[PDB]
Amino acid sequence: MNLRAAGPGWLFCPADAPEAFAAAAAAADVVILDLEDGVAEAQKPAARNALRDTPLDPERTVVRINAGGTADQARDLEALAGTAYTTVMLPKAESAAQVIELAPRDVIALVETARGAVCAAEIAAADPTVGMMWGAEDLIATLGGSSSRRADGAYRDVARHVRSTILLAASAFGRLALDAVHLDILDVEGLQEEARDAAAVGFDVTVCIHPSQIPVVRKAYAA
């Protein structure tokens, strides 16, 4: 894909909702059709069917598959066979090996565990990698914690640490850098603060979970 030529506003769309695919594509620069946590276990087969029969522009669409070694990932790659999509997003990305096993597809590695953070440079350097993202929710959950943000709403230090780690790793290897979702959709103030800062430090994209977040991201990245 010409990832950089596409704008900064990327939008998750659960793949079990094909009636929303066209609306997502019109709202966003890039849509991430989601086969992982956006879709309940029981509707994953239906999601994979929707992925096949309701296509989007593959120049502006990536598919978030399931994690390495899972039966779900294998089912996802089978469903992808029947599409035109070239680029996948790998959740819980933890090693170069997990990225390499996805060749010949392009891979956006989503680092959201300690092992992924520790191995970020190796992940970023892997040949299939075209982008790096981070996520604070599963980072804190897999660390054994309870909250990625403190009471005043700022990310805790370990999240801040991982954010910088992934920005540096991505940039060191010439990869797109994607900043984490702002989970509080109606908190447009916080999103604006994050996206302005992301743009300022060289993130290429801020990933969104609701179409209302796209204009705020696009404005933050204006220059």
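One rule holds for the numbers: they count along the sequence shown, beginning at 1.
Comparing 173-181 with 23-31, the higher mean C-alpha B-factor in the PDB entry belongs to 23-31. When the mean C-alpha temperature factors of 36-44 and 190-198 are read from the deposited coordinates, 36-44 comes out higher.
Between the residues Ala15, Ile214, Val205, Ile209, it is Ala15 that shows the highest Cα B-factor in the PDB record.
Across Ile166, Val158, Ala50, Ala67, the entry's maximum B-factor at the CA atom is seen for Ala50. Sort the modelled residues of the chain by CA B factor and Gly82 lands in the highest third. In the PDB entry, a CA B factor belonging to the middle third of its chain's modelled residues is recorded for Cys119. When the modelled residues of the chain are ordered by C-alpha B-factor, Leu56 sits in the highest third.
Placement of the Cα temperature factor of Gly153 within the chain: highest third of the modelled residues, per the deposited record.
Placement of the Cα temperature factor of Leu143 within the chain: lowest third of the modelled residues, per the deposited record.
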